[PDB]
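Chains as they are written, first to last, in PDB author numbering: chain A, 488 to 584; chain B, 680 to 784; chain C, 1203 to 1254; chain D, 837 to 941; chain E, 6 to 230; chain F, 1098 to 1150; chain G, 3 to 232. Notes to accompany the following structure.
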Amino acid sequence: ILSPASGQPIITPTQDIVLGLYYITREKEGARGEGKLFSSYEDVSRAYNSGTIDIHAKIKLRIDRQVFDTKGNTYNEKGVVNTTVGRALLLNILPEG
Amino acid sequence: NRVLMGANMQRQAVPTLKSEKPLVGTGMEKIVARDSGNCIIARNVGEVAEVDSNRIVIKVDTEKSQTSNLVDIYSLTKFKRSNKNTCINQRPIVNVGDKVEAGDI
Amino acid sequence: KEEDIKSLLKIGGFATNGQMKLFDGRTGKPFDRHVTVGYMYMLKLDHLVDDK
Amino acid sequence: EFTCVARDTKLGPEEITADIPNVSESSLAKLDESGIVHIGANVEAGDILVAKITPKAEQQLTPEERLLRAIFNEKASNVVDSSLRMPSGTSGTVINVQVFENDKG
Amino acid sequence: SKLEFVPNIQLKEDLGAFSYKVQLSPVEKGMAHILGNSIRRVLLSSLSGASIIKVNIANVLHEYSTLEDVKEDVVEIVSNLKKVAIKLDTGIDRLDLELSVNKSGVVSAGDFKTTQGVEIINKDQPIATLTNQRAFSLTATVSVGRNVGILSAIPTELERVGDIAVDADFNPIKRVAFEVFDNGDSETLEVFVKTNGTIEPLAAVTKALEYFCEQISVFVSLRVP
Amino acid sequence: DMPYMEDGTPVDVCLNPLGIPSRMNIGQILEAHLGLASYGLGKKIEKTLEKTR
Amino acid sequence: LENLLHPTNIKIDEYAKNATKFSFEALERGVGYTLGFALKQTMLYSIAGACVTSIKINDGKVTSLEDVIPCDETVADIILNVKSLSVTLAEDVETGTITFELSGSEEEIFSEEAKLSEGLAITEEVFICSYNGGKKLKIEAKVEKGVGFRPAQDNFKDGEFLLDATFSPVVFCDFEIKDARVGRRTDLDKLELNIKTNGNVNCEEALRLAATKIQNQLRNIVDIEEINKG
């Protein structure tokens, strides 16, 4: 997974995996569906698959997940964050931690 | 750096079953196909007398041409092996009755 | 030149860029962002996988 | 293009006769009365294209063949088979056959 | 609601060469794009047809050959026997056409002997050119099938000596599109089909829908058969 | 499965656009533009040929 | 020609509570992509049901998503908690209403409260709020019925929080295609369906319900009543 000459990773996405992930996570100011309030990844998915909301629209999403930190402890991430439709569509692949 | 390898790679191109011009070209494919000996070229003004896929017989119009044989016979190459194991093959273009000139393919 | 390619693209009934709307063959809805379509001339080199 | 040669080896002349010893009779179909294929047959990988035979004596098989050869009474071969076959993987149809026979004979 | 629409098929706008416009007029406001896509994807992949799958020219042993007085070689004749559009009947499923002439001009697709059940659609499709008068005879074999894909296919066994195998394009549909229009409470699906000539638009599209429904009918039971 | 134009015409090849600006061979793009131009010019003739030849 | 191919191998698997994975394998080449798209798009957007569509809190005195209400949650947590109720409307009612007017002393609020109109059948007991017993808290939501996905052009108009209308009940579909073979042919498909409802119906009865809704649009064109026979 990592180089033996440095510690850096060698399985980093490279050319047109980087462009898709860069594209959907940018954001456009006045977009179609801007300011909506979702509560899940299933919500943003279902609303996106309908053609009624942009992928660069700023939204608000509710998260509730555990996050390990440097010492190894595990606090709890909660609340309502300001996101983009595209970032919140990546929230399905993030693991717990 | 890329023209260098674009020039070098069209010397490795396998020729196809049925040929097909480029729609965007430079005006040099004719010169390269003519200044090699793969196209058949007419040596005298004449008019096609017989045609098939083995030969062509031209009927020399002797009034505007030299004191030629009164008849030109051109024979055609058919399914010949190449140095790279590919295939060399000639196909006629003319029709019985066509008025051809000196140099025409 | 490019003025000439634009004039010919007009006469052909296209936009003065090589770009047009394409449709996802698998669902039928378009892509965003007009794609560049055209008629490149492509070769096949003597490096076939059959003899490798 | 494949080639098969009929040598004049020391211990016996090499002949191009179809009489391939102990060859399966089914594989003796695509070959003409001489031992060469027919122009226009579809040959596969591993078929005879030309049948040439040269001699071979002094078998002296090991005792393993001596303990199991008395159940079929194998025949003795004064000839071998230097018969051209198609290579592996390949196929196609024969489009031409050329023969050049013994000089001054 | 009592607003149950069930669409009916129609043949507006017979246009162009072999181009048409089928139409499905009352559709249920959301189900139209689904039908457009399923039709386009089943027409272009699953329709069956007929084509020439083998030929046997008379004084010819292989394909890299040549005939006298003929202006083409067999590799270029077997290339024109692929653009012949044939229209078989119900339960023939296989047959041998026949051609035979003694003329001195362009042989065509119209020159096949009139068999019953067969029908050539493009009759001025050139096959060969005789530049002098001679006797030209061949026997093409016609079969039914569909484009099952490159790898899996039929090897077209050969029986006589001069048999050449032709690789067929069985599908009769050349180019499809569709569109969806708004009516209010319903929508209009409008298909554009371009065929080669051996099938008619309504029959084609209802065959596509028959295939699609037989596919969909496994999710109404979650049972194998 | 190939992308297709509005009138139904499929596409022949798909070629990644990333390779073009890094290796500065732009004639490859101008060629596709001038090939669209000529494809259109040649359908302007096929349209007329099917009507009053 | 040669008799188009049928699945013959179906595999169901309930991983979560209202969620299930289906697998149908040995579909002919390219067919999994036309069945999957069709089922997904008709399940997510052409089934009928009911849903909460508007929420107005202090009879219209709460306007912003940053107004303080007497409870631990914010306004946004309240709106997201109510919106996710699986209400169901009776066979002849057009609308409903769920009022939540609550005051007193510091309880924990479920949907066991909320006097419902004639017809509404909230159907489960999800958490709503934690009341801090102080001022009074008014909450009432508007319920409707329909088909599709009606977006909201505005987030808050004059007195209520305008929501998106879904009606579908099915929350997530996500098909996916894999490989298969029936012998020598090796380019066939295997389709994977991943359905997730909201309880008002199970997944095996939303599949069965989108399938027949697709078939019933093809009755004046096809004879499905014998096509089904197998």
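Ideal placement from N, C-alpha and C gives every residue a C-beta, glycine not left out.
If you count every other CB in all the chains shown that lies within 10 Å of the CB of A/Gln495, and 16 or more means buried, which is it? exposed
Buried versus exposed, by CB contacts within 10 Å (16 or more), G/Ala18: exposed
For residue 1 of chain G, the three-state DSSP class (helix, strand or coil): Nothing can be reported for residue 1 of chain G: it is not among the residues displayed for chain G, which extend from 3 to 232.
Are the C-beta atoms of C/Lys1246 and some chain B residue less than 8 Å apart? yes
For E/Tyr25, decide whether its Cβ has a neighbour in chain D, counting only Cβ atoms nearer than 8 Å. no
From E/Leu227, E/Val79, E/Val196 and E/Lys179, residue whose alpha carbon lies closest to that of E/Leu52: E/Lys179
Assuming B/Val727 and B/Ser744 are in contact, meaning their beta carbons sit under 8 Å apart, how far apart are those beta carbons, in whole angstroms? Not quite, the Cβ-Cβ distance comes to about 15 Å (not below 8 Å), so this is no contact.
With distances taken Cα to Cα, identify the nearest neighbour of B/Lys697 among B/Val779, B/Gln769 and B/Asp783. B/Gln769
Taking the straight line between their C-alpha atoms, what separation do you get for E/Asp190 and E/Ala90? 43 Å
Please check if any C-beta of chain E sits within less than 8 Å of the C-beta of B/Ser698. no
Compute the beta-carbon to beta-carbon distance between G/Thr99 and G/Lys140, rounded to the nearest angstrom, for a pair I have assumed lies under 8 Å. So it is not a contact: roughly 13 Å between Cβ atoms.
If the cut-off is 8 Å on Cβ atoms, which residues from the stretch 1226-1251 of chain C count as contacting chain F, listed in chain order? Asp1226, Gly1227, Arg1228, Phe1233, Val1237, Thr1238, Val1239, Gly1240, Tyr1241, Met1242, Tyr1243 and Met1244
C/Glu1204, enclosing alpha helix (DSSP H) - first and last residue: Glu1204 to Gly1214
Any beta-carbon of chain E closer than 8 Å to the one on B/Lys778? no
Rounded C-alpha distance that separates A/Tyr528 from A/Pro582: 14 Å
Closer than 9 Å at the beta carbon, the chain F residues around E/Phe197: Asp1104 and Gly1105
Inspect the CB distances between the stretch 1212-1219 of chain C and the stretch 25-39 of chain E and report whether three or more fall short of 8 Å. no
Would you call the CB atoms of F/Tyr1101 and C/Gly1227 closer than 8 Å? yes
Report all residues from its chain with a CB closer than 8 Å to the CB of G/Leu220; omit the five preceding and five following residues, and keep chain order. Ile226
When you compare the CB of G/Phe177 with every CB in chain C, is at least one pair closer than 8 Å? no
Quick one: which chain C residues come within Cβ less than 9 Å of B/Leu702? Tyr1241 and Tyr1243
Are there three or more Cβ pairs, one per stretch, closer than 8 Å when the stretch 913-933 of chain D is compared with the stretch 879-897 of chain D? yes
Comparing C-alpha positions only, which one of G/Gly136, G/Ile57, G/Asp156 and G/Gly150 sits nearest to G/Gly51? G/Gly150
If you draw a straight line from the alpha carbon of E/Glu164 to that of D/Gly876, how long is it in whole angstroms? 13 Å
Would you call the stretch 115-122 of chain E in contact with the stretch 1102-1119 of chain F, where contact means no fewer than 3 C-beta pairs closer than 8 Å? no
Contact between the stretch 112-132 of chain G and the stretch 82-92 of chain G is defined here as three or more beta-carbon pairs at a separation below 8 Å; is this criterion met? yes
Would you mind telling me which residues of chain G sit closer than 9 Å to E/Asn13, beta carbon to beta carbon, in chain order? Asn222 and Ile223
Is A/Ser532 buried or exposed, if buried means 16 or more other CB atoms sit within 10 Å of its CB? buried
Within-8 Å CB hit, F/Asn1113 to chain B: no
Between the alpha carbons of G/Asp69 and A/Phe525, how many angstroms are there, rounded? 19 Å
With three or more C-beta pairs closer than 8 Å as the rule, is the stretch 24-31 of chain G touching the stretch 181-196 of chain G? yes
Figure out for me which residue from E/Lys34, E/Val47, E/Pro160 and E/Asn201 has the closest Cα to the Cα of G/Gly34. E/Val47
Do you know whose CA, among A/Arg552, A/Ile550, A/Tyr535 and A/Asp551, lies nearest A/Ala544's CA? A/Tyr535
Please report whether the beta-carbon of B/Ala692 lies at a distance below 8 Å from any beta-carbon of chain C. yes
Starting from the N-terminal side, write out each stretch of the beta strand (DSSP E) that is 3 residues or longer and does not extend beyond the stretch 180-216 of chain E. 192-200
Taking the C-alpha atoms as reference points, what is the distance between G/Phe169 and C/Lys1223? 33 Å
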